[PDB]
Each structure stands twice: as structure tokens, then as C-alpha cells.
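Single chain ahead, written as C-alpha cells, the form deposited in one PDB entry.
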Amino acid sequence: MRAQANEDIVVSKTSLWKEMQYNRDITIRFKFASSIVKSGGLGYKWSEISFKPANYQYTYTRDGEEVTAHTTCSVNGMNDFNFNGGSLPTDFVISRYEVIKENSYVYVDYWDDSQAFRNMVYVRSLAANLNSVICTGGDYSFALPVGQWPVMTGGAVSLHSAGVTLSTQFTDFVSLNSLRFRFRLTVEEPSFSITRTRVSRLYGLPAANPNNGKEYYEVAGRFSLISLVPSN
């Protein structure tokens, strides 16, 4: 029997161990990170534009109280694209840039300072309900030493909750007991392109500017689970 959105319900009790039913409403805020590396030489060539795990620490209000949360966003199933403007030192070139599409997965680990994430190691009856969110690509200019600047623009995917499992966010200090939410992707308008090139009408989200100026992407949800935790 439940009574409120955010609650801890004792399921079983033993001297040292207890099974707790934890139900939490959560506000998941996260962001992507990118690794953009330029090649040597005159400055017309980029060797890599790829995704990398991004952390985000924040606070929000739940039941009149301040919640402190930490997320870690990672991706997989990235697709490799490239642009070859020619082999001359002055020819614009991106050797490799990543794009997440419908064959890609975005994962967001979530932890908050409430009791539910305390010693969260053995979970059963895990259930979660999460909203969907659209991520769009911001513009990214490739400042060439001379001439007009090519500009990667567009791109978009919508994230859809598709599974949850336990995970550990290995921060610099504490290793947080977390829930890892997997999101499947659906490509959305607009497609991306690179101005001043023959590249256009491609669908997916490039790793050039996946946050598009936003401080974070937000997904609201809630979970319910039974966790076997120490009694003392």
C-alpha cells in the first residue's frame, strides 16, 4: 500500500537486512560532451569530432525539499561520417565525425541524495516511467585561416525510454549507486548539413554541438523498486 509520490516503504525486516520499497519522482537533467580535435598544418583540417561521457551536477525541488542529483550521459552505436574537401593543405577536411541515429543508444545514469540510492545494489520489481525529449544540434563553425567558414548545422533525435538497469557513476570521489536509463532514438527534423559543401539532408545528431547552447536536457519521470539494504 502506497500513500505518496516520494516514499520509503518497509517490505521486510531482519536484524541486519531489510527490503525497502522506494518510490521516487525524478527530474533527469543531463548533457552530452564532445571531443573536437584539429589536425596539424595550416588549420583547414579537423581529425575528429566525437561524443564523450558528460557529467552534470544539479539541484531541484521535490516535496518542498532540495534534491541534489548527479547524472552521467554516454552514447553507443555512433555512426562515422567524414568530409573530404581534397588533399591540399588548404582543402577543408573533417577526417571523422560521429552521428547518433536510430541504430544508436544514449544512456543517462542518475543518482540523487535521497534514501532510495543508499546502498542500491540488489533491486527487484524495478519499474520506471519517463518522458521523451528532443535533442537538436547547434551550429558549429569551422574557422578556416582564409576564406569563408564552413558551418555544420542542424540535426535532431528524440529520446524514448527503453529499459533501466543498475549502474555506478564513478566520480572523482564517491562512487554513486545509480539507475541507468537507456533511450532508443528516432531521427527528427531538421536534417543536418555543412554550409559551403555538397553535404546536406542527413538525419541524426552530430557530435559537433549536440547541446545547442542549452545547459542541460531534461526528462521527467518516476521509478518504483524494492531494494535489499543493510538495516543499520
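In this text, residue numbers run from 1 along the sequence as written. The term rigid core refers to the maximal set of C-alpha atoms that superpose within 1.5 Å between the two forms.
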Which of 58-66 and 179-187 has higher mean CA B factor, as the PDB entry lists it: 58-66
Given 15-23 and 205-213, the range whose Cα B-factors average higher in the PDB entry: 15-23
Out of 148, 158, 79, 71, residue topping the C-alpha B-factor column of the entry: 148
Top Cα B factor in the deposited entry, candidates 115, 95, 129, 103: 129
Where the record places residue 45 (Cα B-factor, split into thirds across the chain): middle
Third of the chain, ranked by Cα B-factor, where residue 169 sits: lowest
Third of the chain, ranked by Cα B-factor, where residue 108 sits: lowest
Chain third (lowest, middle, highest) by recorded CA B-factor, residue given as residue 34: middle
Record-listed C-alpha B factor of residue 195: chain third: middle
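The same protein also exists as the form deposited in another entry; that form is not shown, yet it is the one meant from here on.
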Which one of 162, 121, 88, 146, by Cα shift of 2 Å or more between the shown form and the other one, core superposed: 121
Threshold 2 Å Cα movement between the shown form and the other one for residue 189, core superposed: no
Threshold 2 Å Cα movement between the shown form and the other one for residue 13, core superposed: yes
Rigid core superposition, residue 64 Cα moves 2 angstroms or more between the shown form and the other one: yes
